[PDB]
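Protein chains in written order, with full-length UniProt numbering: chain A, 3264 to 3569; chain B, 3264 to 3569.
Worksheet: one structure, shown below.
Protein chains: 2
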Amino acid sequence: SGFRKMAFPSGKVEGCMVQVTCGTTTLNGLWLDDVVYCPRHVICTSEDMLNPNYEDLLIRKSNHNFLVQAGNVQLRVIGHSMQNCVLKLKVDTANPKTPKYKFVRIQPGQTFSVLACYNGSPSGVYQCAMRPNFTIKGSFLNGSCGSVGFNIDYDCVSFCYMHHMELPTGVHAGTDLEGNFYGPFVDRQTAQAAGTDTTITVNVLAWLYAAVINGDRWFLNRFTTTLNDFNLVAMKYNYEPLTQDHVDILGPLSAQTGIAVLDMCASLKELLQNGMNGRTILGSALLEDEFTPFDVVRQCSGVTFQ
Amino acid sequence: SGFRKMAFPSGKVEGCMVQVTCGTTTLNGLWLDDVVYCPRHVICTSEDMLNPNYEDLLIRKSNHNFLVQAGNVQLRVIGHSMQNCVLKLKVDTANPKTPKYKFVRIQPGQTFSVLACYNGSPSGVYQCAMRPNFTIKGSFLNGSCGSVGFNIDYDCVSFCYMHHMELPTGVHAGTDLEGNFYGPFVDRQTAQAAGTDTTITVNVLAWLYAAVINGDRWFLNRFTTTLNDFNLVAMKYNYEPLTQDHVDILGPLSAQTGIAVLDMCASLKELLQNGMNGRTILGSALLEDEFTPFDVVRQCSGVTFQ
Ligand SMILES: *[C@H](O)[C@H](C[C@@H]1CCNC1=O)NC(=O)[C@H](CC(C)(C)C)NC(=O)OCc1ccccc1
Ligand SMILES: *[C@H](O)[C@H](C[C@@H]1CCNC1=O)NC(=O)[C@H](CC(C)(C)C)NC(=O)OCc1ccccc1
C-alpha cells in the first residue's frame, strides 16, 4: 500500500535526448530514427525573440549552422524543415536506442511524466497534469526547452509534450510533438498570460478512492446526492462539471471500494463546504486533482512496463 | 522556475533490474557485474515466514533452485551466499549495463529515488525521504521486494535502499545494500511497528527557501529569534532540534535569498503557532519536510547527470 505521485521509468526517453546548438542558443532535442525534434526558437537570438518571422529566419539557415551533440558524438545535420513550432533536423545516423513510439496529443485533465533536461542531459523526472487552461505546473529553468513529456504503455512511449516557455505566473507552456501549442500561446515574447483555471473534479474523486483503498476513511459519510445537485456545488467552488462519462470511468474504483460514485460526490461536497478541519488525506491538507482514475488503478494494482 | 518533487532519471538502474524466483516466491533482484542482490526472504515459504532460521534454510538450497530472469534471457546461478538480510547470487554473466556505482548507507532526513518494480520490470519512479524513525513513506505492493532506492552523482549510482516489507501503519522498511536494516526491524512476520516520528526541521527551512526563490513570500516577517528560542518551539511541535551545522548547510540558500537563517526560523515559528490561515506554500497546505537543502539547490539551479 501507499500512494505517491509517480513518474514512468525514464530510461527509454533518456536515450533519445540530445543537445542542439544554433548560434547563441542551446536547448534540448529528441532524437528518433534519423530526425532530431526541437523547439523552433533555437534559430532565434535575443532580439529576434520580440516578434520574429521564423520562415524568414529559417531560409537564412544552413545545415552546418545546427550543432547536434549526442553525448560526446557529434551529429551531422543533412536537412532541416519546420513543422509548426518545432524543427525537424534530419541527421545522418538513426538513433539505435529508438523505442517504439507514438506522437499523441493529450486532453486537459490527463497526466504525463516530464524528463527535465539541460544541455541534452537528463536532470530529473516528475509527473504533471495538463491543466484545464492548457498550462502545466512544472519545474523548468533556462536551457530546459525541448524537454519532453510522455506516457509509457507496455513498451511504447507516447510523447505528448515538448517544453517551450514559462508564463508570468510561473506555469509552463509547450506544444505537442507535431509543434502545435497546447492552449492560446505563441512562441514569442509578448504579454501572454495563463487565464483562469479550474479544478479537475473527476481526478479529485479518483484520489478520494485512492485514499479509501489506502485506509483513509474519515471523510466518508452516509449521505448521497444527485449528479445535478453535486454540479451546482462544483460550479460554486470552481470545480469543473462532472459528466456521466466521468461517473462511468470511476466505476471500477467504485466497485473495488463498494462506495457508489454519487456517494463519494456527497463526501466531496462536504469537504468543499466544511474544509478538512485540520485533517489530511494521503498526506495532503488539500484536495488533490493531478491523479487520473487510470493513475489510481495503475498504482493501486501494480502495472509495469517492458 | 517552479518546484516539484523530482526523482533522478532511472535509466541506469532499470538496466540492472531482474526477476528472482525460488519456489513459490517471486521478487526483484539487482544485477551488478556477475552478482544478483535480492532480499533473503525469497528462500522462504508462507509458513517459513513466521519465525525462520535463514542459515538452516539456505544450506538446504541448491544453485538450480534460483531462477533468475533478465528480461527474456535466463540467468544461470553458479554460487550463492547470504550477507545479513540480502542474498548474493553469483551468475555466469556480468551485466553489460553495470553503471559505475557505490553502496552507501543514508542518514534519516536524506532523500533518494525509488524505482518500483514487479517481476523484474520497472513500474514507476518517485522520491522518498528516510524518516527519523527509519521508515519510508513509499508505494509498494506484493512483489515489489528487491526494488531499490538510489541517488545519482554525475555518472555514479549510489544505491542506498532495498525494499523488504510494509509495517502496520502503511509505511515501509528495508535494508541498505549490504543487507543491514534501517531501524529496529527484522525480516520476519512479527508484531513490529514504526514507533514515533518527528518532522525534519532543516528540510522544512530548505523548502521555505525554495518557496522564496519561486516567489512565495507571504510567510516572511521582520522578526528574528535565537537558535535556542527556536528550538523550544521546535520541541513543542515535535520538530527535531536545529543544530549549528544545519544553519551552516542552509548558508547558501540564505545568501541567495538575503534571508538570514534565524529569520526564516522566526517565520517557521509563526507558521507553527498560527498555521497558514487558508494559504499555501508551493502548492501545499502543509509544511513539507522531504526536500533537503541539496535537493533545493539542485532543482533551483539545474544540475544534470551523465
Ligand atoms: C527555453 O529553454 C526557455 C524555457 C524557459 C526559461 C525559464 N523557464 C522556462 O520554462 N524558454 C524561453 O526562454 C522562452 C523563449 C521564447 C519566448 C519561446 C522564444 N521565453 C520565456 O519562457 O520567457 C519567460 C521567462 C524566461 C526566463 C525566466 C523566466 C521566465
Ligand atoms: C515483498 O514483496 C513484500 C513487500 C510488501 C508487500 C506489501 N507491501 C510491501 O511492502 N514483503 C513482504 O511481504 C514481507 C515479507 C517478510 C516479512 C519480509 C518475510 N511481509 C510484509 O510486508 O507484511 C506486511 C504486509 C504484507 C502484505 C500486505 C500488507 C502488509
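Positions of the beta carbon are idealized from the N, C-alpha and C atoms, including for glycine.
Would you kindly work out how many angstroms separate the C-alpha atoms of residue i and residue j, rounded to a whole number?
i, j, result
"residue 3462 of chain B", "residue 3390 of chain B", "17 Å"
"residue 3552 of chain A", "residue 3325 of chain B", "51 Å"
"residue 3438 of chain B", "residue 3330 of chain A", "46 Å"
"residue 3443 of chain A", "residue 3542 of chain B", "35 Å"
"residue 3496 of chain A", "residue 3319 of chain A", "52 Å"
"residue 3455 of chain A", "residue 3358 of chain B", "51 Å"
"residue 3517 of chain B", "residue 3362 of chain B", "36 Å"
"residue 3265 of chain B", "residue 3407 of chain B", "32 Å"
"residue 3426 of chain A", "residue 3409 of chain A", "5 Å"
"residue 3397 of chain B", "residue 3446 of chain B", "5 Å"
"residue 3548 of chain B", "residue 3537 of chain B", "13 Å"
"residue 3554 of chain B", "residue 3436 of chain A", "26 Å"
"residue 3405 of chain A", "residue 3317 of chain B", "53 Å"
"residue 3574 of chain B", "residue 3504 of chain A", "Nothing about residue 3574 of chain B can be reported from this structure: the residues present for chain B run from 3264 to 3569 only."
"residue 3524 of chain B", "residue 3488 of chain B", "10 Å"
"residue 3502 of chain B", "residue 3540 of chain B", "20 Å"
"residue 3350 of chain A", "residue 3467 of chain A", "37 Å"
"residue 3492 of chain A", "residue 3500 of chain A", "13 Å"
Are the C-beta atoms of residue i and some chain A residue less than 8 Å apart?
i, result
"residue 3325 of chain B", "no"
"residue 3549 of chain B", "yes"
"residue 3414 of chain B", "no"
"residue 3267 of chain B", "yes"
"residue 3452 of chain B", "no"
"residue 3486 of chain B", "no"
"residue 3337 of chain B", "no"
"residue 3332 of chain B", "no"
"residue 3389 of chain B", "yes"
"residue 3344 of chain B", "no"
"residue 3264 of chain B", "yes"
Would the beta-carbon of residue i fall within 8 Å of that of residue j?
i, j, result
"residue 3412 of chain A", "residue 3375 of chain A", "yes"
"residue 3340 of chain B", "residue 3354 of chain B", "yes"
"residue 3307 of chain B", "residue 3293 of chain B", "no"
"residue 3388 of chain A", "residue 3423 of chain A", "no"
"residue 3441 of chain B", "residue 3346 of chain B", "yes"
"residue 3352 of chain B", "residue 3301 of chain B", "yes"
"residue 3486 of chain A", "residue 3529 of chain A", "yes"
"residue 3472 of chain B", "residue 3506 of chain B", "no"
"residue 3285 of chain A", "residue 3328 of chain A", "yes"
"residue 3283 of chain B", "residue 3290 of chain B", "yes"
"residue 3556 of chain A", "residue 3469 of chain A", "yes"
"residue 3431 of chain B", "residue 3567 of chain A", "no"
"residue 3460 of chain A", "residue 3395 of chain A", "yes"
"residue 3450 of chain A", "residue 3348 of chain A", "yes"
"residue 3273 of chain B", "residue 3565 of chain A", "no"
Kindly say whether residue i, judged by its beta-carbon, lies nearer than 8 Å to any beta-carbon of chain B.
i, result
"residue 3531 of chain A", "no"
"residue 3281 of chain A", "no"
"residue 3448 of chain A", "no"
"residue 3359 of chain A", "no"
"residue 3270 of chain A", "yes"
"residue 3567 of chain A", "yes"
"residue 3455 of chain A", "no"
"residue 3274 of chain A", "yes"
"residue 3277 of chain A", "yes"
Buried or exposed: residue i, going by 16 or more other Cβ atoms within 10 Å of its Cβ?
i, result
"residue 3372 of chain A", "buried"
"residue 3478 of chain A", "exposed"
"residue 3562 of chain A", "buried"
"residue 3401 of chain B", "buried"
"residue 3419 of chain A", "exposed"
"residue 3415 of chain A", "buried"
"residue 3322 of chain B", "exposed"
"residue 3281 of chain B", "buried"
"residue 3484 of chain A", "exposed"
"residue 3287 of chain A", "exposed"
**Prompt:** Listed from N- to C-terminal order along the chain, which residues in the region 3304-3329 of chain A have their beta-carbon within a distance smaller than 9 Å of any beta-carbon of chain B?
**Reply:** Nothing from the region 3304-3329 of chain A brings a Cβ to less than 9 Å from some Cβ of chain B.
**Request:** Please name the residues in the region 3466-3480 of chain A whose beta-carbon is closer than 8 Å to at least one beta-carbon of chain D, in chain order.
**Result:** In summary, chain D is missing from the structure at hand, where the protein chains are A and B.
**Asked** the region 3370-3386 of chain A: which residues have C-beta closer than 8 Å to a C-beta of chain B, in chain order?
**Response** Listed by position along the chain: 3378, 3379, 3380, 3381, 3382, 3384, 3385 and 3386.
**Request:** Taking only beta carbons into account, state which residues of the region 3433-3445 of chain A come closer than 9 Å to chain B, listed in chain order.
**Result:** Residues 3433, 3434 and 3435.
**Request:** With 8 Å as the C-beta to C-beta threshold (strictly closer), list the residues of the region 3397-3411 of chain B near chain A in chain order.
**Result:** Hits within the stretch, in order: 3400, 3401, 3402, 3403, 3404, 3405, 3406 and 3407.
**Request:** Pull out every residue of the region 3540-3564 of chain A whose Cβ sits closer than 9 Å to any Cβ of chain B, in chain order.
**Result:** Of all residues in the region 3540-3564 of chain A, 3541, 3543, 3546, 3547, 3548, 3549, 3561, 3562, 3563 and 3564 have a Cβ within less than 9 Å of some Cβ in chain B.
**Request:** Give the residues from the region 3495-3507 of chain B that approach chain A closer than 8 Å (Cβ to any Cβ), ordered along the chain.
**Result:** Using a CB distance below 8 Å, no part of the region 3495-3507 of chain B faces chain A.
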